[PDB]
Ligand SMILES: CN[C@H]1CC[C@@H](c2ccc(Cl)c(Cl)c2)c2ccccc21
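Take a look at this single chain, the form deposited without the named molecule, given in structure tokens.
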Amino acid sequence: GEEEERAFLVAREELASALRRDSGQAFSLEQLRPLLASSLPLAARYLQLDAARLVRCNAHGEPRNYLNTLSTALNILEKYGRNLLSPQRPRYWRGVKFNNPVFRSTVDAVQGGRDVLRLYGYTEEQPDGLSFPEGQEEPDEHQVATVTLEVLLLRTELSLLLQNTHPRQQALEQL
């Protein structure tokens, strides 16, 4: 019981370290197999992200549509975490503003998309968006890397469901 969980968390920490080593690294489906072909429930596999809430609270309409709106939001949210791990961060990375057409159509189009930015470190609720606390001067690399991996893993899981090739497709379809 705890051995399958241990093997998952070790593989999760290994893949999150590679993100810190290279923020632009792309992971193959083979590298994610320990994370993809796991019998553990969602709460044991997603420690930062709330995968069940992000999926069920956005499951409205056809799965062809809302799983795709979720994937696009997860895609752009992955880039937010990758830029934080980059050796040359963007100039104004400390704050994110919400009055953008792409942001409205991606992050603000899914329930709980803003809360993923909080997991990166954007905890200060600002007028136009979110920002880091005044104390921190740099993001927590381990926290950003683990959240970016979970965002990457969930987008992968949803993409395999859209292709009907998920290794545990029947279990995940029953949300």
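Shifts are known only where both forms have a C-alpha. A residue's number is simply how far along the shown sequence it sits, counting from 1. Between two forms, the rigid core is the largest collection of C-alphas that superpose within 1.5 Å.
FYI, the form solved in complex with the named molecule isn't displayed, but the following is about it.
**Request:** Answer with yes or no whether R33 is in contact with the named molecule in the deposited complex, where contact means some heavy atom within 4.5 Å.
**Result:** So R33 does not count as contacting the named molecule.
**Message:** Contact with the named molecule in the deposited complex for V55, defined as at least one heavy atom pair within 4.5 Å: yes or no?
**Reply:** It does: once the named molecule is placed as it appears in the deposited complex, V55 has a heavy atom within 4.5 Å of it.
**Prompt:** Just to confirm, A18 within 4.5 Å of the named molecule in the deposited complex by heavy atoms?
**Reply:** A18: no, not in contact with the named molecule in the deposited complex.
**Request:** Look up in the deposited complex whether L154 has a non-hydrogen atom within 4.5 angstroms of the named molecule, and give yes or no.
**Result:** Result yes; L154 sits at the interface with the named molecule in the deposited complex.
**Asked** Picking from 55-63, 130-138, 144-152, 114-122, which part of the chain touches the named molecule in the deposited complex when contact means heavy atoms within 4.5 Å?
**Response** Contact-bearing stretch, as computed: 55-63.
**Item:** Heavy atom of each of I76, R104 and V110 within 4.5 Å of the named molecule in the deposited complex
**Value:** Judged in the deposited complex, none of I76, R104 and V110 sits within 4.5 Å of the named molecule.
**Message:** Pick out the residues of 7-39 whose heavy atoms come within 4.5 Å of the named molecule in the deposited complex.
**Reply:** Result: empty, none.
**Message:** Residues present in both forms only, core superposed, 2 Å C-alpha shift required: which runs of three or more differ between the shown form and the other one?
**Reply:** After core superposition, the one displaced run is 2-7.
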